[PDB]
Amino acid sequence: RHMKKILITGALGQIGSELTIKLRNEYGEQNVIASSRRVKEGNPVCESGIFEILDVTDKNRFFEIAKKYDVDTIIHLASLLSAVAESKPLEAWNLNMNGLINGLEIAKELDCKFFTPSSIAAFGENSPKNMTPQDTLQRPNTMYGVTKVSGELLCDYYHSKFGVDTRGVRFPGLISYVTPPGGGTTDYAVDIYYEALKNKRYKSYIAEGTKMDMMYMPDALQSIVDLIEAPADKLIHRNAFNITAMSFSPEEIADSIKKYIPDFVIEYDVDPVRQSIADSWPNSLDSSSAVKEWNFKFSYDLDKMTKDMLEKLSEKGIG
């Protein structure tokens, strides 16, 4: 029921960067195998513990690395996300789907726990926009979204048909202090804290009053563990559970920011392509199934986050 030996694919992405460190501290530097397509100069991960080059689209090599460390858990983060997927759609289909089916076939063969993250991106324009149910209409118009729905279906098939322990969460916008603003769809809520301690002024690429689910990275990382290790028998859903901690418009963060940096200002430009995608997406999701089935918890509201972000961005040296 608990993880001993863990393989993370996509370990140098936003989530992997901070997850591999957490699980190292909690499960042992020698029991967490971080893996990626390519090294990144001075990522913390790469210079501290066990690390293995892995292209998840090679079943053979993926299987080699599972067997080499006798893993009981695979946290399959490898994928192309929103921005990159739209530009490179066939590359996103190949990585996101051949990577996944490879991992599932490995987990089928080895009796692994298999965690795949999904996204708000797995919801369409007609998906209900307010307390979006767990089970509902999933017709997204992005290639990333299509891969996440295709994957939810496939991960549930490996459980229903072969008994593989597959599970996952639909992450909203994540906010972290370790990973720098990457001009992605939801990254407005990270860059705002940078431009607050750096100038006293932020230029939003996202229209005022536009509401979105968000979660602070520590909340999200705990989701992954709480769910991987949850008792099997109370799981009605598996791939994947809505989770959320907050919804907010750019103007609501500002008000949380200014409660600690009173001179703070919010201008509004409007990238119409990212607004488009934010408008695709629900305003708020219903975590109930998550709460009922494995006791999804969380610690940071918009205030608690805002305080901790401005501490952790000063310690790192921005002001």
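Note that residue numbering follows the sequence shown and begins at 1.
Judged by mean Cα B factor in the deposited record, 300-308 ranks above the other of 19-27 and 300-308. Mean CA B-factor, 208-216 versus 115-123: the higher value falls on 208-216. Per the PDB entry, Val265 shows the highest C-alpha temperature factor of the residues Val32, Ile53, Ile65, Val265. Comparing C-alpha B-factors across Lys40, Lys292, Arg61, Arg37 in the deposited entry, the largest value falls on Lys40.
Split the chain's modelled residues into thirds by C-alpha temperature factor. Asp70 is in the middle one. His159: CA B factor lies in the lowest third for its chain, per the PDB record.
The entry lists a Cα temperature factor for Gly145 that places it in the lowest third of the chain's modelled residues. Ranked by Cα temperature factor within the chain, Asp226 sits in the middle third according to the deposited record.
Among the modelled residues of the chain, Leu197 sits in the highest third by CA temperature factor in this PDB entry.
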